[PDB]
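In case you want the letters, here they are:
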Amino acid sequence: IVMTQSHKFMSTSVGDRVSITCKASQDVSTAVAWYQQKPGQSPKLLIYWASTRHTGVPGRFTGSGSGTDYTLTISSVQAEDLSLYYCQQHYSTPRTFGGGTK
Amino acid sequence: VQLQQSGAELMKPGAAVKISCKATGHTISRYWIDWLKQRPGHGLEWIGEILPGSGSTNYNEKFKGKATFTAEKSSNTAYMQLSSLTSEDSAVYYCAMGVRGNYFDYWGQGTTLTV
Amino acid sequence: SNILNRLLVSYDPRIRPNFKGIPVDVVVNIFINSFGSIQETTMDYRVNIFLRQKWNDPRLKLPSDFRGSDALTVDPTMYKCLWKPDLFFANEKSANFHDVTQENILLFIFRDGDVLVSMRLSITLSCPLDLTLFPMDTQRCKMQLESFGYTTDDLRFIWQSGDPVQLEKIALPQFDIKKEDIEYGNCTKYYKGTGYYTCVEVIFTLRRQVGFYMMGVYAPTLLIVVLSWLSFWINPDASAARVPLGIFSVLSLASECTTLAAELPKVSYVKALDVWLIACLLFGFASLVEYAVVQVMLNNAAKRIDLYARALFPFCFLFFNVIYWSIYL
Amino acid sequence: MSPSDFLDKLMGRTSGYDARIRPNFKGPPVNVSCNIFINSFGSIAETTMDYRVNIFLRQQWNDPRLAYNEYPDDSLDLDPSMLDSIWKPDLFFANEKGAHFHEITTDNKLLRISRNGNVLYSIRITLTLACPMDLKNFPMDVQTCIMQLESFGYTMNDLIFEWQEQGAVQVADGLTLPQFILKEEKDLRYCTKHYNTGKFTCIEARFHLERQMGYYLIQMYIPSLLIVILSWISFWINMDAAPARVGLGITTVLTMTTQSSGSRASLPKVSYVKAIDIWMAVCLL
Amino acid sequence: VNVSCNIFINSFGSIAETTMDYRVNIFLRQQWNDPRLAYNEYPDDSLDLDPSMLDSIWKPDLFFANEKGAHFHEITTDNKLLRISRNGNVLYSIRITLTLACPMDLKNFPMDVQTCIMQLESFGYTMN
Amino acid sequence: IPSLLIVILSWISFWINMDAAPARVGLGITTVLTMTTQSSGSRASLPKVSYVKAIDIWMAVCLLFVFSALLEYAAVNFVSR
Ligand SMILES: *[C@@H]1O[C@H](CO)[C@@H](O[C@@H]2O[C@H](CO)[C@@H](O[C@@H]3O[C@H](CO)[C@@H](O)[C@H](O[C@H]4O[C@H](CO)[C@@H](O)[C@H](O)[C@@H]4O[C@H]4O[C@H](CO)[C@@H](O)[C@H](O)[C@@H]4O)[C@@H]3O)[C@H](O)[C@H]2NC(C)=O)[C@H](O)[C@H]1NC(C)=O
Ligand SMILES: *[C@@H]1O[C@H](CO)[C@@H](O[C@@H]2O[C@H](CO)[C@@H](O[C@@H]3O[C@H](CO[C@H]4O[C@H](CO)[C@@H](O)[C@H](O)[C@@H]4O)[C@@H](O)[C@H](O[C@H]4O[C@H](CO)[C@@H](O)[C@H](O)[C@@H]4O)[C@@H]3O)[C@H](O)[C@H]2NC(C)=O)[C@H](O)[C@H]1NC(C)=O
Ligand SMILES: *[C@@H]1O[C@H](CO)[C@@H](O[C@@H]2O[C@H](CO)[C@@H](O[C@@H]3O[C@H](CO)[C@@H](O)[C@H](O)[C@@H]3O)[C@H](O)[C@H]2NC(C)=O)[C@H](O)[C@H]1NC(C)=O
Ligand SMILES: CCCCCCCCCCC
Ligand SMILES: CCCCCCCC
Ligand SMILES: CCCCCCC
Ligand SMILES: CCCCCCC
Ligand SMILES: CCCCCCC
Ligand SMILES: CCCCCCC
Ligand SMILES: CCCCCC
Ligand SMILES: CCCCC
Ligand SMILES: CCCCC
Ligand SMILES: CCCCC
């Protein structure tokens, strides 16, 4: 599987709606997770199975999509949402991520 | 549950370094301990996994031989050894752990490597 | 459904993989879910394990149009349509499957025909006990796996190259297991008329905690033997005191001999727990016989015999403890 | 031509084989040469008067309609699930008293059909056979526990049993017994049952079990041997010591009563007198 | 497929410190969605069925990791329940008797406090 | 309560004349009779466990006190010559 994010850098103002597309290579159809890695720290988990949230995550992060085309969504961008966002498939054994979106 | 790695590492080509992952909060032989690679300029990458009790490992096909997973229940720590270090190995290495799935919800602070 | 129904069609579960070719290789693996304590009365022990098997079956080679993750996790109830190695446990007195909601079975079918089957068993294995030096002993109980209907020409077992037995935390009541020898891959049985049959065994080691016996057998028995020694400082004219004080030291010791062996197998050889009781039973009886020697001396200064016996039996008995606990411990 | 077409031509669909008709129907009786292999002999119960044995019951016969010419092999180990569509002698154990197949990870069955029809049949069976024990001299007795391989629904003009000529009963290496020592000599005679329905086949195998009196000599004899000699010292104290001396006699005569009562832990409550209860009665005297 | 499951214990008892276990019978219920059971024929929200039909649908193969001995109840019928909601929601209640094993810490035996567990675990299906 | 009753009854030996050796010694032996029997019964339905329990350091301590009761009059005969 080759997860892909076709936008290395995205522009957004504080309080916007932005969608980050992670177009999978083959059909996993639910197996996607989204990570946030501020500079100098471990990528913390945000979404797993493409629609669920992790214990202690703000409710403005929403996962969607299925099959191949996936998408993360931040309703109201705060100041802490200015970091790197990694998508991740956990369907097969070799667990590629897909580069990263900024 | 927490994963406390070792410190930063500096090696020369041809050598081999062993990075630890001190599991402080649970028995090391309980969960799969995953190993990841973050090389700047590129993205993350999955090295493999080791169940520290049964000695079972599932390496990535790109890292076969390059990486060796071990464990030691005397101190609850999972090791990784990188053989034949080159300039391509300059990156940060994590030891994640997915409890309720194949995602990575528990991470380590990181262990910088510079060949 | 055609990922599996296309394989089992033209598939024959009565024929092993490579029928006339090489034998079938089965990589046996085990996870100990629970390890019951030894039953000394019946010479057995109850274990709950996850037996895992991993062989090759080239008829189950998944097509090229199957992506999957890496395996083909199927319905556990689909095991009845595949070939399976028929390994029994040569030590089990009475084993048991498990179907608590439905039958506990795995079935992974990898891309190259490789197969994984993980039964969930509860075995009552029989291991003979060597109760010499009973409370301070250590047993070795076997878990022999073996084929029954396939000779070594056809079927052949071998342990996992990594960790075959995967016990994590058991903590028996009065036993313990840390690391052992998964030995004798050449355990292959030979039976006259039938042939050579595959065997692989794990012989656990089970040290015994003497904590229960240091406060249930040795502790109370030790004070009773000291209870007999109280009759040496008492005035020897008190016949009705030193005599009843000595009969207690043989009666209670005689009672403890039967109460302890009542919950153990009836092995016909002296064990370490019997050398202690039979010895203490004699120190008590010897003290009472000492009084008869003193009572006769009055029939004619017999205090010298008690004086010589006040600081002799404690020396003659503490000398026993050094010899006893150095041999068996 | 194929491994599946062969089993379908020998049995199953395109065979014509009928597992309800014995080999040589309306012909000579099917003789069944059978031997056993005991795995875990032991657990000789005295209160129940029975023993538990684990054996591989192997029994050989000749079914002429299982003769193949396709494979050049002398024998052919079939699958342990195809010994349910072939004829099988319906033998039971006349004193089995409880028995059960082993079905752990597969039915523990063995099938081997030679090229001329000679069938082999090995199944693993755990028996709880009953042997009436004679306890006339209990701690030093010598038992003889038997098993009877008997046919049920076939008379001796339909099914005849026999033993293997050489080595009909085989014991596993290092097969030990607590309280007992299984003698290497084993009697193999012809039991034969004549019932209300006719002649029925039977073959029994005597097992001689000499008892090891190490346990009873340490548990039952020495404590009683010691309590008896305990009261002997009553003869040494002065006669004026009435309460002390009588206390020695009362306790010793009372403790022997508890010993004799404790001498029937697992012994069945039997009418006649044993050899251990006339050592206790005499020491009690 | 995730299965929200609940338990109704009819009775404890036979809590043996020697055997180190305890017996209990429960009504293990468990619900999951099955999109190929949704129907537009009957106008009923839920729809009870014959437990004989319970052997033809998918069912999660949960086991009790420390069950130590268990058995269905077959008295006069299968003690099974099945109501297929009209969107796919399958209810599944079965009576089960469990001789669960709980290790007891008897450091203060006569006046201790035990904590015996009941692990409902899947066997043949991974976490995904 | 039964073990408590035995420790509380062995103390009456001191409420007896120092000449009754068969009385006190017979009392100090009868009391240690049931204590070894009571303590043995304490492990009736308990598993064979290595560590010490709460009831075990009660039967042992009552056994120790009842044991020292009989041990006292053995110290009185030596003194009270
Ligand atoms: C199957 O698996 C999934 C995942 O693997 C299990 O996930 C459950 O997911 C639900 C959410 O879909 C979750 O319930 C949430 O609980 C949170 C509290 O811990 C809530 O914050 C959350 O959001 C709602 O509630 C908030 C607080 O009231 C609101 O601020 C928020 O806007 C949400 O409110 C929406 O919905 C409510 C009620 O419908 C309504 O007011 C509005 O429509 C509003 O839009 C959720 O309530 C469960 O906790 C998760 N499960 C568990 C065990 O935690 C799922 O349970 C599994 N089973 C099934 C059958 O799906
Ligand atoms: C069910 O019933 C069938 C038939 O009734 C039995 O099969 C017959 O078994 C008998 C004996 O069990 C066979 O008869 C004898 O076989 C002997 C084979 O052993 C060897 O003996 C010597 C020494 O090695 C060799 O020289 C010999 O060639 C054999 O290889 C023979 O020894 C016998 O013949 C010899 O001895 C006799 C007596 O001394 C002489 O008269 C002969 O001339 C010769 O020297 C004899 O043949 C018999 O062959 C078997 N088949 C048949 C059709 O009868 C089954 O055993 C029985 N049980 C089952 C099936 O379980
Ligand atoms: C040791 O385990 C093995 C199980 O594989 C057993 O012996 C080994 O296996 C078979 C015998 O059962 C032998 O196979 C032979 O290989 C030769 C190779 O040329 C082949 O020509 C023969 O036709 C046959 O297939 C194998 O050699 C043998 N290993 C030896 C002899 O070293 C046996 O049960 C176990 N115990 C032993 C060998 O003592
Ligand atoms: C078990 C027989 C012990 C006999 C000991 C001899 C009597 C004591 C004599 C002390 C001088
Ligand atoms: C039964 C013991 C008697 C010992 C008498 C000794 C006389 C010197
Ligand atoms: C075999 C036991 C001998 C004990 C000797 C005690 C003096
Ligand atoms: C308990 C031993 C006492 C010895 C005293 C020596 C006279
Ligand atoms: C086990 C042997 C002990 C003998 C002690 C003699 C005093
Ligand atoms: C061990 C205490 C007994 C009393 C001794 C007083 C001299
Ligand atoms: C029948 C023998 C009886 C002997 C009793 C001492
Ligand atoms: C607790 C061990 C003591 C050995 C005498
Ligand atoms: C518990 C044993 C102590 C040795 C004196
Ligand atoms: C054969 C037993 C001997 C005990 C003294």
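So, how was this worked out
- Residues numbered from 1 in each chain as written, not as in the entry; some residues may be left out.
- Chains lettered and ligands numbered in written order.
- Part of a larger assembly, values for the part shown.
- Heavy atoms only, no water.
- UniProt positions renumbered as here; feature names shortened; annotations may be inferred.
- Helix = DSSP H or I, 4+ residues; strand = E, 2+ residues; numbered from the N terminus.
- Contact = heavy atoms within 4.5 Å.
- Buried area = accessible area lost by both parts, 1.4 Å probe.
- Salt bridge = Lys/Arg side-chain N within 4 Å of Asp/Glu carboxyl O.
- Polar contact = N/O pair within 3.5 Å; in protein donor to acceptor, adjacent residues only side chain to side chain.
- Nonpolar A, V, L, I, M, F, W, Y, C, P; charged D, E, K, R; others polar.
- 1 Å grid on protein atoms, 1.4 Å probe; cavity = no way out; pocket = protein on both sides within 12 Å on 5 of 7 lines; lining within 4 Å.
- Points joined across faces, edges and corners; volume = space filled by probe spheres on them.
- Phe/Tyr/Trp six-rings, centres within 6.5 Å; stacked < 30°, edge-to-face > 60°.
- Buried < 20%, exposed > 50% of the residue type's maximum accessible area, 1.4 Å probe, protein only.
- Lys NZ or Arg CZ within 6 Å of the ring centre and 35° of its normal.
- Pairing = 2+ DSSP bridges.
- Axes fitted to C-alpha atoms, helices over the stretch in contact; angles between N-to-C directions.
- Parallel < 35°, antiparallel > 145°, perpendicular 65-115°, else oblique.
- Left-handed = near helix turned anticlockwise from the far one by under 90°.

The name recorded for chain E in the PDB entry is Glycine receptor alpha 1, from Sus scrofa. Per the PDB record, the entry is named "Cryo-EM reveals partially and fully assembled native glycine receptors,heteromeric pentamer".

Looking up chain C in the PDB entry gives the name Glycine receptor beta, with the organism given as Sus scrofa. Within the UniProt record for chain C, the comment given under Catalytic activity (unreviewed entry) is "chloride(in) = chloride(out)".

K.L.:
Where do I start with the environment of C:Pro17 in this structure?
P.N.:
Relative to the elements of secondary structure, C:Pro17 occurs in the loop between α1 (2-8) and β1 (24-39). Taking the C-alpha atoms as reference points, C:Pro17 and C:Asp154, separated by 137 residues in sequence, lie 9.4 Å from one another.

K.L.:
For this particular structure, what's the right way to read the interface of chain E and chain F?
P.N.:
How big an interface is tends to be stated in terms of accessible area lost as the parts join. Between chain E and chain F, the contact holds 10 residues from the first and 8 residues from the second. Taken together, both faces of the contact between chain E and chain F bury some 720 Å²; the carbon and sulfur share is 66%. Summed over the shared surface of chain E and chain F, the number is 0 salt bridges. Inspection of the region where chain E meets chain F yields 3 residue pairs in polar contact. Taken together, the residues of the side of chain E that touches chain F sort by class into 5 nonpolar, 2 polar and 3 charged.

K.L.:
Where do I start with empty space enclosed by the protein in this structure?
P.N.:
Unfilled space is identified by rolling a water-sized probe across the atoms. One number sums up the size of the largest cavity: a volume of about 100 Å³. In terms of lining, the largest cavity is formed by 15 residues, of which the most central are C:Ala261, C:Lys271, C:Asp274, D:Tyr215 and D:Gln219. Mapped by element, the contributors of at least two residues to the lining of the largest cavity are α4 (239-261) and α5 (272-298) of chain C together with α2 (214-232) of chain D. Broken down by element, the lining of the largest cavity gets its largest block of residues, 4 residues, from α2(D). Among the residues making up the lining of the largest cavity, the classes are represented as 11 nonpolar, 2 polar and 2 charged.

K.L.:
Just to check I follow, could you spell out the packing of aromatic side chains for this structure?
P.N.:
Across all of its chains, the model carries 60 aromatic pairs over all chains by this definition. Measuring from ring centre to ring centre gives 5.9 Å for E:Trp32 and E:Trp58, while their planes differ by 85°; the resulting arrangement is edge-to-face. Taken together, the residues span a long stretch of sequence, with E:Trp32 in the loop between β3 (22-31) and β4 (62-64) and E:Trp58 in the loop between β3 and β4 at a distance of 26 residues. On the basis of relative accessibility, which here comes to 2%, the residue E:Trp32 falls in the buried class. In this arrangement the basic side chain of C:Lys20 is found over the ring face of D:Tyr71, its NZ or CZ atom lying 4.9 Å from the centre. Against the face of F:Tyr51 rests F:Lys53, its NZ or CZ located 5.7 Å from the ring centre.

K.L.:
Is there a simple way to explain the interface of chain D and chain C in this structure?
P.N.:
Facing 54 residues of chain D, the contacting portion of chain C comprises 58 residues. With both chains or domains summed, chain D and chain C bury close to 4,800 Å², and 65% of this area falls on carbon and sulfur atoms. Considering only the surface of chain D that becomes buried against chain C, D:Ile104, D:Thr105 and D:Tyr215 emerge as the three largest contributors, covering 13% of it. In this assembly, chain D and chain C are joined by 3 salt bridges.

K.L.:
What is the right way to read the sheet that holds strand β3 (residues 33-37) of chain A from this model?
P.N.:
Sheets are built from strands that pair by backbone hydrogen bonding, the pairs being arranged parallel or antiparallel. Pairing is antiparallel in the open sheet, where 4 strands are placed in the order β5-β4-β3-β8 (chain A). Here the strands that pair on one side only, and so sit at the sheet edges, are β5 (52-53) and β8 (84-88) of chain A.

K.L.:
Explain the packing of α4(C) against α5(C) to me, please; I cannot follow it from the model alone.
P.N.:
For any two helices packed against each other, one specifies the inter-axial angle together with the distance between the axes. Residues and elements named next belong to chain C. At their nearest, the axes of α4 and α5 sit 9 Å apart, and the two run at 165° to each other. Comparing the axis directions of α4 and α5 gives the class roughly antiparallel. Every pair of crossing elements has a handedness; the one defined by α4 and α5 is left-handed. Residue-level contacts link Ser239, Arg242, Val243, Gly246, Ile247, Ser249, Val250, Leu253, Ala254, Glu256, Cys257 and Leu260 of α4 to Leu273, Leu277, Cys280, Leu281, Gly284, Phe285, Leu288, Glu290, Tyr291, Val294 and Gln295 of α5. By residue class, the composition of the contact of α4 with α5 is 15 nonpolar, 5 polar and 3 charged.

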